[PDB]
Amino acid sequence: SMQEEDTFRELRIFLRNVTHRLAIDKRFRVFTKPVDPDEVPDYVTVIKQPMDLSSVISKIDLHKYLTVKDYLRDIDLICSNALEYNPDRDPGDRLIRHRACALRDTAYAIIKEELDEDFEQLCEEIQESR
Ligand SMILES: CC(=O)c1nc(NC(=O)[C@@H](C)N)sc1-c1cccc(N)c1
């Protein structure tokens, strides 16, 4: 219905705003664009499902997220990919892992503070009805 399309449009506006706030944070610059195989050849051999904040924005605009949980699964994938690709004790690895955990914690904290729980529940119930 039109009432349901209005709900999903509000969800997309909310998700674009969260993603923008993550993408302008200097700590998260390494997560803003797809990893370039020219700059990192070994990446596609370790990471089977790449994800980044620019790809998240594209998926919002393709109506791929109908619930906040679907969105957080891709935020969680950005983080888990970084942890898997950077497992070593070296300072370069530890720095990326710290930033990845901060990206995940920041996204969850914004949603916990700013998303109405009844709004997320409505999105879930519309989705389960389709
Ligand atoms: C996001 C990620 O997993 C990632 N990990 C790196 N690890 C390392 O450089 C070594 C030291 N552990 S670099 C890097 C990355 C990816 C895209 C762009 C830029 N600037 C960095």
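Atoms considered below: every heavy atom in the structure, side chains included; atoms not considered: hydrogens, waters and symmetry mates. Position 1 is the first residue of the sequence, and the numbers go up from there.
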To the nearest 0.5 Å, atom CD of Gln127 lies from atom OG1 of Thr67 at 5.0 Å
For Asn81 and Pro50 the tightest heavy-atom approach is ND2-CA, 3.7 Å
What one should report as the nearest heavy-atom pair of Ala23 and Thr32 is O-CG2, 3.6 Å
Donor-acceptor list for residues 13-20 side chains, cut-off 3.5 Å, not counting sequence neighbours:
from, atom 1, to, atom 2, distance (Å)
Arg16, NE, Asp61, OD1, 2.8
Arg16, NH2, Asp61, OD1, 3.0
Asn17, OD1, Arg21, NH1, 2.9
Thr19, OG1, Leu15, O, 2.6
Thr19, OG1, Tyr71, OH, 2.7

All heavy atoms of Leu83 vs all of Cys101, minimum pair found to be CD2-SG, 4.2 Å
Would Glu84 and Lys48 satisfy salt bridge (charged side-chain N to carboxylate O under 4.0 Å, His left out), going step by step from the backbone distance to the final call?
CA-CA 11 Å; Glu84 282 160 32; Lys48 295 295 161 243; over 6 Å; no
Closer than 3.5 angstrom, by distance alone: can the side chain of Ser55 be matched with the main-chain N or O of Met51 as a donor-acceptor pair? no
Tightest non-hydrogen contact, residues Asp76 and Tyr108, listed as OD2-OH, 2.6 Å
Smallest heavy-atom separation, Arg27 atom then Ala102 atom, equals NH1-CB, 3.8 Å
**Prompt:** Just wondering, do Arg12 and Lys64 contact through their side chains at under 4.5 Å, heavy atoms?
**Reply:** no
d(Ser129 OG, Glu124 CD) to nearest 0.5 Å is 12.0 Å
- Query: Under 3.5 Å, side chain of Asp90 to main-chain N/O of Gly92, donor-acceptor pair present?
  - Reply: no
query = Side chains of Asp52 and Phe31: does their closest heavy-atom pair fall under 4.5 Å?
reply = no
**Asked** With a 4.0 Å cut-off, would you call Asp70 and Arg73 a salt bridge?
**Response** yes
Original post:
For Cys79 and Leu103, what are the C-alpha separation, side-chain angles and deciding distance, and is it a side-chain contact (heavy atoms from CB on, under 4.5 Å)?
Top reply: CA-CA 7 Å; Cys79 182; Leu103 172 73; 5.6 Å; no
All heavy atoms of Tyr85 vs all of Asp93, minimum pair found to be O-OD2, 4.5 Å
State plainly whether one hydrophobic cluster holds both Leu11 and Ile57, where clusters connect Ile, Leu, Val, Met, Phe, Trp and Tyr through side-chain heavy atoms under 4.5 angstrom apart. no
Short question: side chain of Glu125, backbone of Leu122 - any donor-acceptor pair under 3.5 Å? no
Taken in chain and number order and not counting sequence neighbours, the residues that satisfy side-chain contact (heavy atoms from CB on, under 4.5 Å) with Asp105 are none
Within the side chain of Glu120, is there an N or O that forms a donor-acceptor pair under 3.5 Å with the backbone of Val68?
yes
Is the backbone of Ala82 close enough, under 3.5 Å, to the side chain of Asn86 for a donor and an acceptor to pair up by distance?
yes
**Q.** Single-linkage hydrophobic cluster, 4.5 Å side-chain cutoff, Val30 and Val56 together
**A.** yes
- Message: Taking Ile60 as the starting point, is it possible to reach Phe119 by hopping between hydrophobic residues whose side chains are less than 4.5 Å apart?
- Response: yes
Are any of the side-chain heavy atoms of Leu53 and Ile75 separated by less than 4.5 Å?
yes
Just wondering, are more than 12 heavy atoms of other shown residues or ligands nearer than 6.0 Å to CZ in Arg94? yes
| task | Scan side-chain atoms only and decide if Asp74 and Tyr65 contain a donor-acceptor pair under the 3.5 Å cut-off. | result | yes
Within the side chain of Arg104, is there an N or O that forms a donor-acceptor pair under 3.5 Å with the backbone of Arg99? no
One should read off an interatomic distance between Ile126 CD1 and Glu128 CD, to the nearest 0.5 angstrom, of 11.0 Å
